[PDB]
Amino acid sequence: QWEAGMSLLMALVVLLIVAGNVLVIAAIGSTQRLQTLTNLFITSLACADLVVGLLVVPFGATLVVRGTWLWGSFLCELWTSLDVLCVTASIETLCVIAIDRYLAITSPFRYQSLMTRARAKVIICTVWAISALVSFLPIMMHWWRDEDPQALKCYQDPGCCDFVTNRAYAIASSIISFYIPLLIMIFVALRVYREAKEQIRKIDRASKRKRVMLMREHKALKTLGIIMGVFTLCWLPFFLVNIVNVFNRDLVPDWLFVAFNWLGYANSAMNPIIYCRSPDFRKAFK
Ligand SMILES: CC(C)(C)NC[C@H](O)COc1cccc2c1CC(C#N)=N2
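Each value, and the rule that gives it
Residues numbered from 1 in each chain as written, not as in the entry; some residues may be left out. Heavy atoms only, no water. Helix = DSSP H or I, 4+ residues; strand = E, 2+ residues; numbered from the N terminus. Rg over C-alpha atoms; globule rule 2.2 N^0.38 Å. Buried < 20%, exposed > 50% of the residue type's maximum accessible area, 1.4 Å probe, protein only. Contact = heavy atoms within 4.5 Å. Patch = residues over 30% accessible without salt bridge, like charges linked within 9 Å, V, L, I, M, F, W, Y side chains within 5 Å. Areas by Shrake-Rupley, 256 points an atom, 1.4 Å probe, with all protein chains shown as cover. Salt bridge = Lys/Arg side-chain N within 4 Å of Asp/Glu carboxyl O. Expected span 1.5 Å × (residues − 1). Bend = angle between axes of the 7 residues up to and from the residue. Core = buried A, V, L, I, M, F, W, Y, C linked by side-chain atoms within 4.5 Å. Axes fitted to C-alpha atoms, helices over the stretch in contact; angles between N-to-C directions. Parallel < 35°, antiparallel > 145°, perpendicular 65-115°, else oblique. Left-handed = near helix turned anticlockwise from the far one by under 90°. Nonpolar A, V, L, I, M, F, W, Y, C, P; charged D, E, K, R; others polar. Disulfide = S-S within 2.5 Å. Near = heavy atom within 4 Å. Polar contact = N/O pair within 3.5 Å; in protein donor to acceptor, adjacent residues only side chain to side chain. UniProt positions renumbered as here; feature names shortened; annotations may be inferred. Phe/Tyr/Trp six-rings, centres within 6.5 Å; stacked < 30°, edge-to-face > 60°. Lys NZ or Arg CZ within 6 Å of the ring centre and 35° of its normal.

- The record names X-ray crystallography as the way this model was obtained, at a resolution of 3.25 Å.

**Let's talk about the overall build of the protein**
- In terms of helices and strands, the protein carries eleven helices and zero strands.
- Sequence-ordered secondary structure for the protein, helices as α and strands as β, is α-α-α-α-α-α-α-α-α-α-α.
- Its C-alpha radius of gyration of 21 Å places the protein within 12% of the 19 Å reference for a compact globule of 286 residues.
- Once the C-alpha set of the protein is aligned to its principal axes, its extents read approximately 70 × 40 × 30 Å.
- Counting the 286 residues in the protein, one finds 42% classified as buried.
- Here the analysis covers contacts within the protein between residues at least 6 apart in sequence; of these, 76% occur between residues at least 24 apart.

**What about a nonpolar patch on the surface?**
- On the surface, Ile-99, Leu-103, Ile-171, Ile-175, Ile-176, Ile-180 and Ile-184 cluster together to form a nonpolar patch covering roughly 540 Å² of accessible area.
- Of all elements in the fold, only helix 3 (72-106) and helix 7 (167-201) reach the threshold of two or more residues within the nonpolar patch.
- Considering each element in turn, the nonpolar patch owes the most residues, five residues, to helix 7.

**Description of helix 7**
- Under the 1.5 Å per step criterion, the end-to-end length of helix 7 is 49 Å for 35 residues, consistent within 8% with the ideal 51 Å.
- Most pronounced at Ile-175, the bend in helix 7 amounts to some 45°.

**Here's the deal with the nonpolar core**
- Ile-42, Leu-94, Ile-97 and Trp-235 are the most contacted members of the largest nonpolar core, which totals 50 residues.
- Elements represented by at least two residues in this core include exactly helix 1 (3-30), helix 2 (37-66), helix 3, helix 5 (117-140), helix 7, helix 9 (221-247) and helix 10 (254-274).
- The dominant element in this core, judged by the number of residues it contributes, is helix 3, at eleven residues.
- Once residues within four sequence positions are removed from consideration, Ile-42 is found in contact with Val-24, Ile-28, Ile-97, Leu-224 and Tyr-275.
- Core analysis: the second largest hydrophobic core is formed by six residues, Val-84, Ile-139, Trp-144 and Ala-151 among them.

**Quick notes on the side chain of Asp-146**
- With respect to the helices, strands and loops of the structure, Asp-146 is situated in the loop between helix 5 and helix 6 (149-156).
- Filtering out sequence-adjacent residues up to four positions away, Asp-146 remains in contact with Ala-151, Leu-152, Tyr-155, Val-164, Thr-165 and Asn-166.

**Quick notes on the packing of helix 1 against helix 2**
- Where helix 1 meets helix 2, the axes come as close as 9 Å, and the angle between the chain directions of the two elements is 165°. The angle between helix 1 and helix 2 places the two elements in the roughly antiparallel class. Where helix 1 crosses over helix 2, the handedness of that crossing is left-handed.
- Split by residue class, the contact of helix 1 with helix 2 holds 19 nonpolar, four polar and three charged.

**Some thoughts on the state of the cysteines**
- One pass over the structure, following the stated rule, counts two disulfides.
- Counting only the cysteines that form disulfides, in the order they appear in the protein, gives the pairing 1-4, 2-3.
- Unpaired in terms of disulfides, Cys-86 finds its nearest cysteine sulfur in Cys-47, a separation of 10 Å.
- Residue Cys-86 is classed as buried on the basis of its relative accessible area of 3%.
- Sulfur of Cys-125: no disulfide; nearest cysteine sulfur belongs to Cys-47 and is 11 Å away.

**Digging into the site of the ligand**
- Taken together, 16 residues lie near the ligand, and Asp-83, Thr-165, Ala-170, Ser-173 and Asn-261 sit nearest.
- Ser-173 is positioned with one of its side-chain polar atoms (N or O) 2.3 Å from a nitrogen atom of the ligand.
- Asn-261 places a side-chain nitrogen or oxygen 3.2 Å from an oxygen atom of the ligand.
- With the chains in place, 91% of the 530 Å² that the ligand exposes on its own is no longer accessible.
- Looking at the shell around the ligand, the elements with two or more residues in it are helix 3, helix 7, helix 9 and helix 10.
- Tallied by class, residues from the shell around the ligand come to eight nonpolar, seven polar and one charged.

**Observations concerning the UniProt feature "transmembrane region" in the protein**
- As recorded in UniProt, the sites labelled "transmembrane region" are residues 1-29, 39-65, 78-99, 118-141, 168-193, 218-247 and 253-275.
- Helix makes up 100% of residues 78-99 and strand 0%. Its end C-alpha atoms lie 31 Å apart.

**A short note on the packing of aromatic side chains**
- Summed over the entire model, instances satisfying the criterion amount to 18 aromatic pairs.
- Geometrically, the ring pair formed by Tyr-179 and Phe-239 is edge-to-face, given 6.1 Å between the ring centres and 90° between the ring planes. Taken together, the positions of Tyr-179 in helix 7 and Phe-239 in helix 9 put the pair 60 residues apart, joining distant regions of the chain. You'll find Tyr-179 and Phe-239 in the same group, each marked buried.
- Look at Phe-281 and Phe-285: their rings are 6.3 Å apart centre to centre, the planes differ by 25°, and that puts the pair in the stacked class.
- Aromatic rings pair up to connect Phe-178, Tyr-179, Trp-235, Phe-238, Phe-239, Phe-257, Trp-262 and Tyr-265 into one cluster.
- A cation sits over an aromatic face here: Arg-145 above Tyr-155, 4.8 Å from the ring centre.

The following block contains the structure:
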C-alpha cells in the first residue's frame, strides 16, 4: 500500500499544473491591459501544459502506479498522441515567441503596423495545426510500428502502452517535433540576446520615442529567456536519452527513460511558477 502516498503526490502536482495554467488563461482572459501579443503566445503555452496536467499526467500516473494500462488499446494510442502533440506545440510556440521577439526589436516600426491581436491568434492556430499534422497523423497511420516480435506482443496487449517505435520514426519524429523547433528557437534567442546588448549599450543614442516603445518590448525578455532555458533543461534530457536508444537499447536504463520523461512532464508546472517573478503577473496571482 505505497499506492496511496503516490496517488497523493500525483494529485498534488496535478493541482499545481491545472490551477497555475487556468490562472494564466483566465488572467489574460480578463485584463485586456494584459492581452499583449507575447502574453497570447503564453496562452498557447498554458493550454498545452494545461492539457498535459489534465490528461497526459493523470493517465500516465495510473501506468506508473499500476505497472499496466487499464484503459485499453485505443485510449492508449490516443493518450500517446496527446502527449506527443503537447510537447510539439510547446516547442513550436516557444520558437515562434523567439522569432516575434527578434522582429519586435529589429524592425520596431514595421512591427506595430503589421502584427495585431487577430494576427497573433491566426499564428497560434497555424502552430497547433502544424503541431497536430506533424505529431498526430504519423501515429494514426501507424508509421511508428516496429517489426520486432516483443513490439507486436505489446500492440496485441491492451495493458501494454509503452511507446515502442521503429528507428526511422524515432529519428524523423524527434527531429521534426523537437530538434528543428529547438535549434531555430535557440539560434534566434541568441541573435535576440546580442541585439538586446548593442541596444542597451547605445540607449544613449535613441529618441524618447524608440527608447520607450523598445523600453516596453524589452522588459519581459528575461522571463521568456527563463521559460525557454528551463524547457530545454527538461526536454533535451528526455530526447537525448531517446536518441541514444536508437544506437543501442542497452545503453539507457528503463527507469532513467521514465525519469527524464517525468522531468519534462513537471516542466508544465514550472511555467506558472516562473510567472511569479514578474510584478505584473505576481500581483495578478494574489
Ligand atoms: C509515455 C510517453 C512515451 C507516451 N510520453 C512521450 C514523451 O513525453 C514525448 O515523446 C515524444 C514527443 C515528440 C516527438 C517524439 C517523441 C518520441 C519519439 C520517438 N521515437 N518522437
